[PDB]
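Colleague: Just run_39.pdb, nothing more (PDB, C-alpha atoms and all ligand atoms):
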ATOM      1  CA  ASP W   3       0.000   0.000   0.000  1.00  0.00           C
ATOM      2  CA  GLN W   4       3.043   2.366   0.467  1.00  0.00           C
ATOM      3  CA  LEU W   5       4.391   3.935  -2.754  1.00  0.00           C
ATOM      4  CA  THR W   6       8.099   4.495  -3.446  1.00  0.00           C
ATOM      5  CA  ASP W   7       9.543   7.956  -3.760  1.00  0.00           C
ATOM      6  CA  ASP W   8       9.928   7.605  -7.543  1.00  0.00           C
ATOM      7  CA  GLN W   9       6.351   6.459  -8.026  1.00  0.00           C
ATOM      8  CA  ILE W  10       5.231   9.574  -6.087  1.00  0.00           C
ATOM      9  CA  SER W  11       7.346  11.966  -8.125  1.00  0.00           C
ATOM     10  CA  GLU W  12       6.350  10.401 -11.447  1.00  0.00           C
ATOM     11  CA  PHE W  13       2.772  10.802 -10.280  1.00  0.00           C
ATOM     12  CA  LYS W  14       3.577  14.465  -9.544  1.00  0.00           C
ATOM     13  CA  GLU W  15       4.875  14.674 -13.050  1.00  0.00           C
ATOM     14  CA  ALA W  16       1.618  13.225 -14.412  1.00  0.00           C
ATOM     15  CA  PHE W  17      -0.457  15.533 -12.193  1.00  0.00           C
ATOM     16  CA  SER W  18       1.546  18.438 -13.668  1.00  0.00           C
ATOM     17  CA  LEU W  19       0.203  17.644 -17.131  1.00  0.00           C
ATOM     18  CA  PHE W  20      -3.339  17.996 -16.007  1.00  0.00           C
ATOM     19  CA  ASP W  21      -2.677  21.044 -13.873  1.00  0.00           C
ATOM     20  CA  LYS W  22      -2.532  23.508 -16.797  1.00  0.00           C
ATOM     21  CA  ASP W  23      -2.018  26.662 -14.703  1.00  0.00           C
ATOM     22  CA  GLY W  24       0.121  24.798 -12.169  1.00  0.00           C
ATOM     23  CA  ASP W  25      -1.991  25.998  -9.216  1.00  0.00           C
ATOM     24  CA  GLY W  26      -1.842  22.554  -7.608  1.00  0.00           C
ATOM     25  CA  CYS W  27      -5.444  21.639  -8.311  1.00  0.00           C
ATOM     26  CA  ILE W  28      -7.159  20.293 -11.402  1.00  0.00           C
ATOM     27  CA  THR W  29     -10.468  21.913 -12.522  1.00  0.00           C
ATOM     28  CA  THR W  30     -13.240  20.661 -14.768  1.00  0.00           C
ATOM     29  CA  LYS W  31     -11.914  23.154 -17.335  1.00  0.00           C
ATOM     30  CA  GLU W  32      -8.346  21.879 -17.228  1.00  0.00           C
ATOM     31  CA  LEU W  33      -9.576  18.292 -17.301  1.00  0.00           C
ATOM     32  CA  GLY W  34     -11.600  19.139 -20.508  1.00  0.00           C
ATOM     33  CA  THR W  35      -8.601  20.691 -22.200  1.00  0.00           C
ATOM     34  CA  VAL W  36      -6.428  17.629 -21.596  1.00  0.00           C
ATOM     35  CA  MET W  37      -9.039  15.335 -23.065  1.00  0.00           C
ATOM     36  CA  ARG W  38      -9.917  17.518 -26.029  1.00  0.00           C
ATOM     37  CA  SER W  39      -6.197  17.747 -26.659  1.00  0.00           C
ATOM     38  CA  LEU W  40      -6.590  13.933 -27.050  1.00  0.00           C
ATOM     39  CA  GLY W  41      -9.552  13.643 -29.404  1.00  0.00           C
ATOM     40  CA  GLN W  42     -12.298  13.501 -26.710  1.00  0.00           C
ATOM     41  CA  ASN W  43     -15.134  16.044 -26.292  1.00  0.00           C
ATOM     42  CA  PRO W  44     -17.065  15.526 -22.997  1.00  0.00           C
ATOM     43  CA  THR W  45     -20.045  17.437 -21.603  1.00  0.00           C
ATOM     44  CA  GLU W  46     -19.653  19.778 -18.703  1.00  0.00           C
ATOM     45  CA  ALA W  47     -21.833  17.256 -16.877  1.00  0.00           C
ATOM     46  CA  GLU W  48     -19.355  14.468 -17.512  1.00  0.00           C
ATOM     47  CA  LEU W  49     -16.349  16.550 -16.603  1.00  0.00           C
ATOM     48  CA  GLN W  50     -18.183  17.505 -13.412  1.00  0.00           C
ATOM     49  CA  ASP W  51     -18.672  13.814 -12.555  1.00  0.00           C
ATOM     50  CA  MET W  52     -15.030  12.936 -13.221  1.00  0.00           C
ATOM     51  CA  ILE W  53     -13.844  15.664 -10.933  1.00  0.00           C
ATOM     52  CA  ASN W  54     -16.500  14.999  -8.267  1.00  0.00           C
ATOM     53  CA  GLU W  55     -15.789  11.340  -8.005  1.00  0.00           C
ATOM     54  CA  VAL W  56     -12.116  12.050  -7.363  1.00  0.00           C
ATOM     55  CA  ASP W  57     -12.756  15.116  -5.177  1.00  0.00           C
ATOM     56  CA  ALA W  58     -12.589  13.538  -1.755  1.00  0.00           C
ATOM     57  CA  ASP W  59     -12.678  16.931  -0.006  1.00  0.00           C
ATOM     58  CA  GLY W  60     -15.593  18.269  -2.065  1.00  0.00           C
ATOM     59  CA  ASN W  61     -13.867  21.624  -2.661  1.00  0.00           C
ATOM     60  CA  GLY W  62     -14.585  21.401  -6.432  1.00  0.00           C
ATOM     61  CA  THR W  63     -11.101  20.512  -7.710  1.00  0.00           C
ATOM     62  CA  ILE W  64      -8.564  17.657  -7.590  1.00  0.00           C
ATOM     63  CA  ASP W  65      -5.339  18.149  -5.582  1.00  0.00           C
ATOM     64  CA  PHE W  66      -2.232  16.001  -5.632  1.00  0.00           C
ATOM     65  CA  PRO W  67      -3.129  13.461  -2.903  1.00  0.00           C
ATOM     66  CA  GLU W  68      -6.570  13.016  -4.477  1.00  0.00           C
ATOM     67  CA  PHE W  69      -5.049  12.332  -7.827  1.00  0.00           C
ATOM     68  CA  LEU W  70      -2.486  10.135  -6.286  1.00  0.00           C
ATOM     69  CA  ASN W  71      -5.069   8.038  -4.428  1.00  0.00           C
ATOM     70  CA  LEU W  72      -6.953   7.431  -7.684  1.00  0.00           C
ATOM     71  CA  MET W  73      -3.780   6.419  -9.462  1.00  0.00           C
ATOM     72  CA  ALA W  74      -2.789   4.107  -6.656  1.00  0.00           C
ATOM     73  CA  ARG W  75      -6.255   2.442  -6.763  1.00  0.00           C
ATOM     74  CA  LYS W  76      -5.962   1.978 -10.602  1.00  0.00           C
ATOM     75  CA  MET W  77      -2.490   0.659 -10.176  1.00  0.00           C
ATOM     76  CA  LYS W  78      -3.693  -1.813  -7.555  1.00  0.00           C
ATOM     77  CA  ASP W  79      -6.449  -3.019  -9.936  1.00  0.00           C
ATOM     78  CA  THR W  80      -4.079  -3.407 -12.922  1.00  0.00           C
ATOM     79  CA  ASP W  81      -1.589  -5.158 -10.750  1.00  0.00           C
ATOM     80  CA  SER W  82      -4.173  -7.675  -9.609  1.00  0.00           C
ATOM     81  CA  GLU W  83      -5.398  -8.290 -13.123  1.00  0.00           C
ATOM     82  CA  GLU W  84      -1.794  -8.729 -14.320  1.00  0.00           C
ATOM     83  CA  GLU W  85      -1.031 -11.167 -11.502  1.00  0.00           C
ATOM     84  CA  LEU W  86      -3.998 -13.277 -12.569  1.00  0.00           C
ATOM     85  CA  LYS W  87      -2.935 -13.150 -16.179  1.00  0.00           C
ATOM     86  CA  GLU W  88       0.631 -14.129 -15.359  1.00  0.00           C
ATOM     87  CA  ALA W  89      -0.525 -17.052 -13.232  1.00  0.00           C
ATOM     88  CA  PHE W  90      -2.740 -18.285 -16.108  1.00  0.00           C
ATOM     89  CA  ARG W  91       0.227 -17.968 -18.435  1.00  0.00           C
ATOM     90  CA  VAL W  92       2.384 -20.112 -16.136  1.00  0.00           C
ATOM     91  CA  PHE W  93      -0.310 -22.837 -16.132  1.00  0.00           C
ATOM     92  CA  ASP W  94      -1.022 -22.563 -19.863  1.00  0.00           C
ATOM     93  CA  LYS W  95       2.143 -24.204 -20.835  1.00  0.00           C
ATOM     94  CA  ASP W  96       1.494 -24.402 -24.591  1.00  0.00           C
ATOM     95  CA  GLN W  97       0.139 -20.802 -24.555  1.00  0.00           C
ATOM     96  CA  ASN W  98      -3.068 -21.964 -26.276  1.00  0.00           C
ATOM     97  CA  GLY W  99      -5.507 -20.019 -24.061  1.00  0.00           C
ATOM     98  CA  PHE W 100      -6.574 -23.165 -22.057  1.00  0.00           C
ATOM     99  CA  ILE W 101      -5.147 -25.122 -19.080  1.00  0.00           C
ATOM    100  CA  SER W 102      -5.368 -28.838 -19.731  1.00  0.00           C
ATOM    101  CA  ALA W 103      -5.309 -31.588 -17.175  1.00  0.00           C
ATOM    102  CA  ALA W 104      -1.750 -32.415 -18.290  1.00  0.00           C
ATOM    103  CA  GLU W 105      -0.680 -28.786 -18.077  1.00  0.00           C
ATOM    104  CA  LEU W 106      -2.238 -28.533 -14.606  1.00  0.00           C
ATOM    105  CA  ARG W 107      -0.464 -31.634 -13.431  1.00  0.00           C
ATOM    106  CA  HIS W 108       2.979 -30.755 -14.776  1.00  0.00           C
ATOM    107  CA  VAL W 109       2.883 -27.200 -13.495  1.00  0.00           C
ATOM    108  CA  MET W 110       1.359 -28.246 -10.198  1.00  0.00           C
ATOM    109  CA  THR W 111       4.240 -30.690  -9.776  1.00  0.00           C
ATOM    110  CA  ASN W 112       6.872 -28.098 -10.670  1.00  0.00           C
ATOM    111  CA  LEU W 113       5.354 -25.918  -7.945  1.00  0.00           C
ATOM    112  CA  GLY W 114       5.987 -28.707  -5.417  1.00  0.00           C
ATOM    113  CA  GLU W 115       2.390 -29.954  -5.377  1.00  0.00           C
ATOM    114  CA  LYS W 116       2.289 -33.487  -6.768  1.00  0.00           C
ATOM    115  CA  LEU W 117      -1.334 -34.541  -7.488  1.00  0.00           C
ATOM    116  CA  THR W 118      -3.010 -37.850  -8.269  1.00  0.00           C
ATOM    117  CA  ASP W 119      -4.799 -38.460 -11.595  1.00  0.00           C
ATOM    118  CA  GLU W 120      -8.077 -38.320  -9.719  1.00  0.00           C
ATOM    119  CA  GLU W 121      -7.138 -35.007  -8.016  1.00  0.00           C
ATOM    120  CA  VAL W 122      -6.039 -33.438 -11.260  1.00  0.00           C
ATOM    121  CA  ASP W 123      -9.312 -34.402 -12.970  1.00  0.00           C
ATOM    122  CA  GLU W 124     -11.322 -33.147  -9.999  1.00  0.00           C
ATOM    123  CA  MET W 125      -9.624 -29.816 -10.068  1.00  0.00           C
ATOM    124  CA  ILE W 126     -10.302 -29.364 -13.813  1.00  0.00           C
ATOM    125  CA  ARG W 127     -13.982 -30.379 -13.379  1.00  0.00           C
ATOM    126  CA  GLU W 128     -14.534 -28.000 -10.439  1.00  0.00           C
ATOM    127  CA  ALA W 129     -13.358 -25.100 -12.521  1.00  0.00           C
ATOM    128  CA  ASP W 130     -14.621 -26.312 -15.874  1.00  0.00           C
ATOM    129  CA  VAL W 131     -17.796 -24.345 -16.173  1.00  0.00           C
ATOM    130  CA  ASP W 132     -18.646 -25.048 -19.833  1.00  0.00           C
ATOM    131  CA  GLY W 133     -17.728 -28.741 -19.645  1.00  0.00           C
ATOM    132  CA  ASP W 134     -15.191 -28.772 -22.503  1.00  0.00           C
ATOM    133  CA  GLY W 135     -12.566 -30.544 -20.385  1.00  0.00           C
ATOM    134  CA  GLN W 136     -10.088 -27.603 -20.184  1.00  0.00           C
ATOM    135  CA  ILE W 137      -9.938 -24.301 -18.151  1.00  0.00           C
ATOM    136  CA  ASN W 138     -10.171 -21.012 -20.132  1.00  0.00           C
ATOM    137  CA  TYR W 139      -9.137 -17.620 -18.667  1.00  0.00           C
ATOM    138  CA  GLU W 140     -12.462 -16.618 -17.173  1.00  0.00           C
ATOM    139  CA  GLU W 141     -12.978 -20.114 -15.602  1.00  0.00           C
ATOM    140  CA  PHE W 142      -9.535 -19.712 -14.128  1.00  0.00           C
ATOM    141  CA  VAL W 143     -10.352 -16.289 -12.650  1.00  0.00           C
ATOM    142  CA  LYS W 144     -13.735 -17.561 -11.329  1.00  0.00           C
ATOM    143  CA  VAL W 145     -12.270 -20.436  -9.497  1.00  0.00           C
ATOM    144  CA  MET W 146      -9.382 -18.412  -8.217  1.00  0.00           C
ATOM    145  CA  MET W 147     -11.812 -16.106  -6.541  1.00  0.00           C
ATOM    146  CA  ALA W 148     -13.658 -18.970  -4.907  1.00  0.00           C
ATOM    147  CA  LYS W 149     -11.623 -18.629  -1.737  1.00  0.00           C
TER
HETATM  148 CA    CA Z 201      -5.073  24.251 -12.236  1.00  0.00          CA
HETATM  149 CA    CA Z 202     -10.114  18.343  -3.761  1.00  0.00          CA
HETATM  150 CA    CA Z 203      -2.644 -24.938 -22.876  1.00  0.00          CA
HETATM  151 CA    CA Z 204     -13.893 -25.015 -19.966  1.00  0.00          CA
END
Give the structure from this file in structure tokens form.
Ligand SMILES: [Ca+2]
Ligand SMILES: [Ca+2]
Ligand SMILES: [Ca+2]
Ligand SMILES: [Ca+2]

Modeller:
Amino acid sequence: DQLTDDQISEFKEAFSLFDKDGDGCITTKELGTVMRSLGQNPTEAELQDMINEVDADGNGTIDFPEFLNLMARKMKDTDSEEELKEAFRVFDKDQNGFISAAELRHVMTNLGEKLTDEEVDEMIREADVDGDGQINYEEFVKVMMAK
């Protein structure tokens, strides 16, 4: 949950981009500029929502810690997603988008968990929602959560 000093100053850097007048707070106006300057055209209403949902102190603008806390929450969500994707990739030994019984066995072994044939097949079936005999990425996420 603690950020490093370089993550904080990069985040300051990023904040700086949004903070057009450098007053240390980001307005609806400034937010709109940054987006327009990237193709997007949002309503005042939408800008107001984006600010308001970030504006923990309700003063009407986003300051550095408010920005930072958003970024840290996004980062924590990406991280978690990545972790799940990496784990799937480790299991999916032929990189085919499915974990097979054989792939689950081999990998499970190489992680110091040696399973029986029966246990391997049970673990596939538990997770195998659509009954095709192999575990796709969303089955793998589903069953990971179960816990
Ligand atoms: Ca500003
Ligand atoms: Ca604020
Ligand atoms: Ca595979
Ligand atoms: Ca399946």

Colleague: Between CA of residue 85 (chain W) and CA of residue 125 (chain W), what is the distance in Å, rounded to a tenth?

Modeller: 20.6 Å

Colleague: Counting all atoms listed in the file, which protein, DNA or RNA residues come within 6 Å of ligand CA 202 (chain Z), given as a PyMOL selection string?

Modeller: chain W and resi 57-61+63-65

Colleague: Which neighbours of residue 35 (chain W) fall inside 10 Å, counting all atoms listed in the file, when residues of the same chain fewer than 6 positions from it are skipped, and could you give them as a PDB file with C-alpha atoms, in the frame of the given file?

Modeller:
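To be explicit, this is the file written out as around-v2.pdb:
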ATOM      1  CA  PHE W  20      -3.339  17.996 -16.007  1.00  0.00           C
ATOM      2  CA  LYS W  22      -2.532  23.508 -16.797  1.00  0.00           C
ATOM      3  CA  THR W  29     -10.468  21.913 -12.522  1.00  0.00           C
ATOM      4  CA  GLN W  42     -12.298  13.501 -26.710  1.00  0.00           C
ATOM      5  CA  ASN W  43     -15.134  16.044 -26.292  1.00  0.00           C
ATOM      6  CA  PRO W  44     -17.065  15.526 -22.997  1.00  0.00           C
TER       7      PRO W  44
END

Colleague: In Å to one decimal, how far is CA of residue 129 (chain W) from CA of residue 144 (chain W)?

Modeller: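 Atom-to-atom, CA of residue 144 (chain W) and CA of residue 129 (chain W) are spaced 7.6 Å apart.
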
Colleague: Apply the PyMOL selection byres (((not hetatm)) within 12 of (chain Z and resi 203)) to the file shown and report the selected residues as number ranges by chain.

Modeller: W: 90-109, 135-139

Colleague: Would you compute the distance between CA of residue 134 (chain W) and atom CA of ligand CA 204 (chain Z)? Give it in Å to one decimal.

Modeller: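 Computed distance, CA of residue 134 (chain W) to atom CA of ligand CA 204 (chain Z), equals 4.7 Å.
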
Colleague: Write as a list in words the residues around ligand CA 201 (chain Z), taking 6 Å as the cut-off and counting all atoms listed in the file.

Modeller: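 Going residue by residue within 6 Å of ligand CA 201 (chain Z), we get residues 21, 22, 23, 24, 25, 26, 27, 28 and 29 of chain W.
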
Colleague: Smallest atom-to-atom distance to ligand CA 204 (chain Z): which of W:145, W:41, W:17, W:126, using only C-alpha atoms and all ligand atoms?

Modeller: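 Checking each candidate against ligand CA 204 (chain Z), we get W:126 as the closest.
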